[PDB]
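Participant: generate a structure from the sequence data that follows.
(2 chains)
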There are 2 protein chains.
Amino acid sequence: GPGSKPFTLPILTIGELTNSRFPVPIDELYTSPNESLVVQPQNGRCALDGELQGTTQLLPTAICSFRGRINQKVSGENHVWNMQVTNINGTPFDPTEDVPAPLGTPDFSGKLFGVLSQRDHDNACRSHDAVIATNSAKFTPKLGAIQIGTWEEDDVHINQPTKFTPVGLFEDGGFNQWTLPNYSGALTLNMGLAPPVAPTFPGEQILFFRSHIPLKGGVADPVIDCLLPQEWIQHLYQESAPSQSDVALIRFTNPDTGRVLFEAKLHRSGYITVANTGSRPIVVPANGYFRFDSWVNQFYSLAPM
Amino acid sequence: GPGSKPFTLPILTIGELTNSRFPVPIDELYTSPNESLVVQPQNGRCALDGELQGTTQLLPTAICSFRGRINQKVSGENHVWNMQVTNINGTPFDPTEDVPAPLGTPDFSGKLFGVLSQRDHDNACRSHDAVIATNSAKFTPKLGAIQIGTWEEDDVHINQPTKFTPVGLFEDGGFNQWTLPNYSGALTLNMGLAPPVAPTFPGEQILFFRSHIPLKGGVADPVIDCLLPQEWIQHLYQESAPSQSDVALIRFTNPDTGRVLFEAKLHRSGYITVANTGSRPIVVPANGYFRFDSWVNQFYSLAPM
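Facilitator: Numbers count the residues shown, from 1 in each chain, chains lettered A, B, ... in the order given. Find the structure here:
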């Protein structure tokens, strides 16, 4: 009609949200100033009008997963395999397409721990622990191939349907959630990226949805922070509501109480800022959720958290 | 107002749906007659008005997961541990609550393969392969405890936060997707169950959303069939639209083509029937999705598939 469809978010509490950058539930909200770090995740990217960006796709369980077939054991390597990757649904990946990598590809540097599974054309199956170094020169998903390490020296089959189910990190050394992999390998620039995000208003910081992820060994508390929960992305994709301005004011509210705990800016490009100093984890009532209040601009002065 | 909010389903193709009974994408639609088998899944259960039933909860990645802490190594057992389970968000499980088990508990009998991870209070971490026999007398999630098997004899810590990430089945022997676990263990009846479902109209069969799941070893093609995709459940929970009759007519349609491929009955209790003979897998265009057409009754004669 003459009027626009009102923008909406799903009615979901902190305990009903999934991380859009790793297939686990959100544990908490978190805010910190990115003085040195540049924030440019490729998963969990979606404009408020429902446009998916970067490597973002809709399936929460498939985030950081891989699909394809093993073409060979890597030359001069025991326990390392070369995997030709397809899209998550099994359809061929189109390397010339204007995305950084197959949708769902991990968007952080480190050693990912998970399980490699196969079901051969004759239905003979196997699953073994595996590691994928997203920070290695031979991590080339954009070119259609990655390398996968196993402990099992021999029991991986060639030219058979293969999946990688992510579990967590193998080790904490070399892990940086904000360092993008080189999707095309060494000496090649990433392309088709979702843009970096930063709080434009002096005094604001990004608000993240944070998950603490598993670690195979070591002493650490590795976390993955996403800009938007996967359910919000799924919702925005469904709704495709036009954005009335560059910023939607949202209010975190407990429904039974009816009281608003704090307010934040949801930006058109798909991330949240708040007025806060330093980095502190945010604990919120299990009943509470973000409610859309109105459209404002970048110059709107938020109430301090 | 005086009028009811129109019922709706999400606009999602086959490749954009998640299984509600195991944390993997839907691979295909499937239909078969349950002449001998009784269909009573506890996950992926939701009335069309958004009422969650059985052990159904909202987080797709958390389906078939467990959370809690290891209290002891099992008496007379090497490699077997007793785990005191909490809810998925970590909050205490209320055994007296009218559910069959903690929400998200697996609803099938067999040996589940996955990874057990821990992060100790001092941040020392470990992850190891694990198996959970949902078909054992010591599987007692409703009582607040299960047993977990590992290969690692010693490297599991007591009284530390623990998670189980499911991957697939350990073996195919003993697996039956329609046999419910005894949630309270041997000699105790399940309670608070979602009711069994069956096609009431002579000549109809249930239509399932089917996934082929990983297997650690053996020759088999184990599948998990759900009544509703997880995204539909999330959507119905959000919408909470009143049901106008016992049956909603839905039409599977490819949007670009604009052509309807077939029609089905979406029942108020949350499952689909079609008019088909025997068991056959259904392949549908990647563009296609179910569209809600109108409300009918049990006596509506569907066009044959």
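Participant: and the residue lying closest to residue A:213 once chain neighbours are set aside, what does it touch?
Facilitator: In this structure, residue A:213 finds its nearest non-sequential neighbour in residue A:168, 4.9 Å apart by Cβ to Cβ, 6 or more residues apart in numbering or on different chains. C-beta here means a position set from N, CA and C on the backbone, and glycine is covered the same way. The contact partners of residue A:168, by Cβ atoms under 8 Å, 6 or more residues apart in numbering or on different chains, come to A:112, A:113, A:114, A:213, A:214, A:215, A:216, A:222, B:115, B:117, B:127, B:165.
Participant: what is the neighbour count of the last one?
Facilitator: So that's residue B:165. By other Cβ atoms under 10 Å in any protein chain shown, 25 other residues sit near residue B:165.
Participant: what's the separation between it and residue B:210?
Facilitator: Here residue B:165 is placed at a distance of 22 Å from residue B:210 (Cβ to Cβ, to the nearest Å).
Participant: likewise for residue A:41?
Facilitator: From residue A:41 to residue B:210 the distance is 33 Å (Cβ to Cβ).
Participant: more neighbours, those two?
Facilitator: residue A:41 (27 against 20).
Participant: is it true that the more buried one touches residue A:227?
Facilitator: Yes - between residue A:41 and residue A:227 a contact is recorded at 6.4 Å, counting by Cβ atoms under 8 Å.
Participant: what helix or strand is residue A:116 on?
Facilitator: Following DSSP states H and E, one finds residue A:116 within strand A:111-119.
Participant: distance of the residue sitting nearest the centre point of chain A from residue B:58?
Facilitator: Residue closest to the mean C-alpha point of chain A, counted by Cα atoms, centre = their mean, is residue A:21 at 1.8 Å. Using Cβ to Cβ, residue A:21 is found at 19 Å from residue B:58.
Participant: over to residue A:237?
Facilitator: Using Cβ to Cβ, residue A:237 is found at 18 Å from residue B:58.
Participant: what about the helices in the stretch 101-250 of chain A?
Facilitator: Taking DSSP state H, counting those that start in this stretch as the criterion, the stretch 101-250 of chain A carries its helices at A:230-239.
Participant: you'd agree residue A:284 is up against residue A:261?
Facilitator: Yes - contact criterion Cβ under 8 Å: residue A:284 and residue A:261 qualify, at 6.4 Å.
Participant: that older thread, who has more neighbours, residue A:237 and residue B:58?
Facilitator: Neighbours were tallied for residue A:237 and for residue B:58 using other Cβ under 10 Å; the higher tally belongs to residue B:58 (24 against 20).
Participant: my guess is that one contacts residue A:13. True?
Facilitator: No - the criterion here is Cβ under 8 Å, and residue B:58 misses it with residue A:13 at 9.4 Å.
Participant: picking up where we left off before, could you name the helices and strands sitting against the strand holding residue A:116?
Facilitator: strand A:124-133, strand A:161-169, strand B:161-169 (3 or more Cβ pairs under 8 Å, 6 or more residues apart in numbering or on different chains; DSSP states H and E).
Participant: save those strands as JSON lines, and put in distance to residue A:183 too.
Facilitator: Below are the helices and strands packed on strand A:111-119 laid out as JSON lines (distance: least, Cβ to Cβ, whole Å):
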{"stretch": "strand A:124-133", "distance to residue A:183": "13"}
{"stretch": "strand A:161-169", "distance to residue A:183": "16"}
{"stretch": "strand B:161-169", "distance to residue A:183": "26"}
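Participant: looking at those, which is closest to residue A:62?
Facilitator: Within the helices and strands packed on strand A:111-119, the stretch nearest residue A:62 is strand A:161-169; the backing value is 9.5 Å (Cβ to Cβ).
Participant: okay, buried residues for the closest one please.
Facilitator: Buried residues in strand A:161-169, counted by 16 or more other Cβ atoms under 10 Å in any protein chain shown: A:161, A:162, A:163, A:164, A:165, A:166, A:167, A:168, A:169.
Participant: now these as JSON lines including distance to residue A:256?
Facilitator: Shown next, in JSON lines, are the buried residues of strand A:161-169 (distance: Cβ to Cβ, whole Å):
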{"residue": "A:161", "distance to residue A:256": "48"}
{"residue": "A:162", "distance to residue A:256": "48"}
{"residue": "A:163", "distance to residue A:256": "42"}
{"residue": "A:164", "distance to residue A:256": "42"}
{"residue": "A:165", "distance to residue A:256": "38"}
{"residue": "A:166", "distance to residue A:256": "36"}
{"residue": "A:167", "distance to residue A:256": "36"}
{"residue": "A:168", "distance to residue A:256": "35"}
{"residue": "A:169", "distance to residue A:256": "38"}
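Participant: if we take these, which one ends up nearest to residue A:82?
Facilitator: The shortest gap between residue A:82 and any of the buried residues of strand A:161-169 belongs to residue A:162, at 11.1 Å (Cβ to Cβ).
Participant: and the residue nearest to residue A:26 when sequence neighbours are not counted, how many neighbours?
Facilitator: Using Cβ to Cβ, 6+ apart and skipping the chain neighbours, the partner closest in space to residue A:26 is residue A:17 (4.2 Å). For residue A:17, the count of nearby residues is 24 (other Cβ under 10 Å).
Participant: doesn't residue A:228 make contact with residue A:17?
Facilitator: No - counting by Cβ under 8 Å, residue A:17 sits too far from residue A:228 to count as a contact (9.6 Å).
Participant: break chain A down into its structural domains.
Facilitator: A:1-62+A:171-305, A:63-170 (curated CATH domains).
Participant: distance to residue A:74 for the contacts of residue A:168 - can I get that in JSON lines?
Facilitator: Shown next, in JSON lines, are these (distance: Cβ to Cβ, whole Å):
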{"residue": "A:112", "distance to residue A:74": "17"}
{"residue": "A:113", "distance to residue A:74": "19"}
{"residue": "A:114", "distance to residue A:74": "18"}
{"residue": "A:213", "distance to residue A:74": "27"}
{"residue": "A:214", "distance to residue A:74": "26"}
{"residue": "A:215", "distance to residue A:74": "25"}
{"residue": "A:216", "distance to residue A:74": "21"}
{"residue": "A:222", "distance to residue A:74": "27"}
{"residue": "B:115", "distance to residue A:74": "24"}
{"residue": "B:117", "distance to residue A:74": "28"}
{"residue": "B:127", "distance to residue A:74": "24"}
{"residue": "B:165", "distance to residue A:74": "27"}
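Participant: chain B contacts on the stretch 201-305 of chain A?
Facilitator: Neighbours of chain B within the stretch 201-305 of chain A, by Cβ under 8 Å from any Cβ of the partner chain: A:212, A:214-221, A:231, A:234, A:238, A:286.
Participant: buried members of those into PyMOL, please.
Facilitator: Per 16+ other Cβ under 10 Å, the buried members of these correspond to this PyMOL selection:
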select buried, chain A and resi 212+214+215+216+217+218+220+231+234+238
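Participant: any chance of the residues of the stretch 201-305 of chain A next to chain B in JSON lines, with distance to residue A:249 too?
Facilitator: Below are these laid out as JSON lines (distance: Cβ to Cβ, whole Å):
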{"residue": "A:212", "distance to residue A:249": "29"}
{"residue": "A:214", "distance to residue A:249": "36"}
{"residue": "A:215", "distance to residue A:249": "38"}
{"residue": "A:216", "distance to residue A:249": "42"}
{"residue": "A:217", "distance to residue A:249": "44"}
{"residue": "A:218", "distance to residue A:249": "42"}
{"residue": "A:219", "distance to residue A:249": "41"}
{"residue": "A:220", "distance to residue A:249": "37"}
{"residue": "A:221", "distance to residue A:249": "32"}
{"residue": "A:231", "distance to residue A:249": "20"}
{"residue": "A:234", "distance to residue A:249": "22"}
{"residue": "A:238", "distance to residue A:249": "22"}
{"residue": "A:286", "distance to residue A:249": "23"}
